[PDB]
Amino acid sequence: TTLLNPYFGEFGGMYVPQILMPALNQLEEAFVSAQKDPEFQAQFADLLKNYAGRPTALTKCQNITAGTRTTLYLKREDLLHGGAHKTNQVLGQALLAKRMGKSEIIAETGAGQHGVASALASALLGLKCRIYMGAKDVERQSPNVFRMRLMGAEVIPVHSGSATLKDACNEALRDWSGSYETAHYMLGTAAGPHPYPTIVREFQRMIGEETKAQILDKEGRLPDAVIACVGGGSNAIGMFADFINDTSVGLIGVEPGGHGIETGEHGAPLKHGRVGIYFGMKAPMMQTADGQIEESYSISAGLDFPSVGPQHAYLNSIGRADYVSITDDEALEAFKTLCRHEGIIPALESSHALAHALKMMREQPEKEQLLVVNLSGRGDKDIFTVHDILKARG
């Protein structure tokens, strides 16, 4: 059995080859133990604060909401060491790795932010890190490939399939199945087999906890809605977690709409997929009628995945959280809007969240509403990508 519930309703589980159950069981045990260990929590806190730079700021956007009744705040995970929220749970998983006596790290990465986070944590904590990254992403998120190498991490291009996140995930799992005795697989999102969705949420929940404290102190009340982009689901659940029991607070997850849902070229399995079993979990999948896992698409490598974390599938099922999609173009307009009017260059992943918020305001400009957008990361890694697109347009 297991110490913790591997499911969120019907979603979740540990659908991995028998050979990996001991590793999963060991990880769960180590996590549960670490959660009751004062020394572990202190070491985690110390790293988050003095090394990563938490708490991150909560920035009010006065310019972009001008002339509307929308007040918009941005949780600045883009200011976290490394450039994205990814760094948070990586510091925790690295500590768990050491706790388990593992000396190596396996990680998958799409936007490269998790790769960079895994590399820096490994460099700091004395672990040998190897990162799988789809070849397409090696190109569209290149700044991060350089960062990873510079920090001593081995970056391994994956040319199989769509050569993106999904494929990097496949390789990471194959690798772990054959090296779990010495290597810890530092999964980068709230998905995969239990206990990862649980561990990743818990090691990212500080985002929402800080957001709540900061919003209360600045506004005297809770947000009408917190908005986050949803790839595998880590920054979103990290933001949502602490607000779940606050029923008045809207939880909005923004899945990539790619070139549009009707084109089939998107990464929105939650609202346009079908429940399936893949990557060690039973969750919504973009899949063919035959049961084959389809290839996803999104201008942002970080959201380019054909599935989603099981807790998001659950929260949507019971109606606690609402999920929507934002197309490439909508994300791009949000990206430019933030750059020019607030002086912040957001990651294209984060831009999807900001795009929905801007839609919510524009569509009903006289609706009074307090919104918080989780700015999961900065867009330095997306500069060249965005430039080339804006060039081909003028």
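Rigid core here is just the name for the largest C-alpha set that superposes within 1.5 Å across the two forms. Quick note: we count residues from 1 along the sequence shown, nothing fancier.
When the other structures are laid on the shown form by the core, the C-alphas of 179 to 187 and 251 to 259 differ in how far they drift in 4 other deposited structures of this protein; the larger average drift belongs to 179 to 187.
In 4 other deposited structures of this protein, superposed by the rigid core, the C-alpha atoms of 95 to 103 lie farther from the shown form than the other of 224 to 232 and 95 to 103. For the two regions 167 to 175 and 307 to 315, the entry's Cα B-factors average higher over 167 to 175. Taking only CA atoms, the mean B-factor in the PDB entry is higher for 123 to 131 than for the other of 123 to 131 and 76 to 84.
Of the residues listed, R99, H266, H114, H194, the entry assigns the biggest Cα temperature factor to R99. Comparing the listed residues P143, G250, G258, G188, the entry records the largest Cα B-factor for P143.
When all modelled residues of the chain are sorted by CA temperature factor, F384 is found within the highest third. Per the deposited record, the Cα B-factor of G280 falls in the middle third when ranked against the other modelled residues of its chain. For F240, the recorded CA temperature factor ranks within the lowest third of the chain's modelled residues. In this PDB entry, the Cα temperature factor of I326 sits in the bottom third of its chain's modelled residues, the lowest group. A334 sits in the lowest third of its chain by CA B factor, as recorded in the PDB entry.
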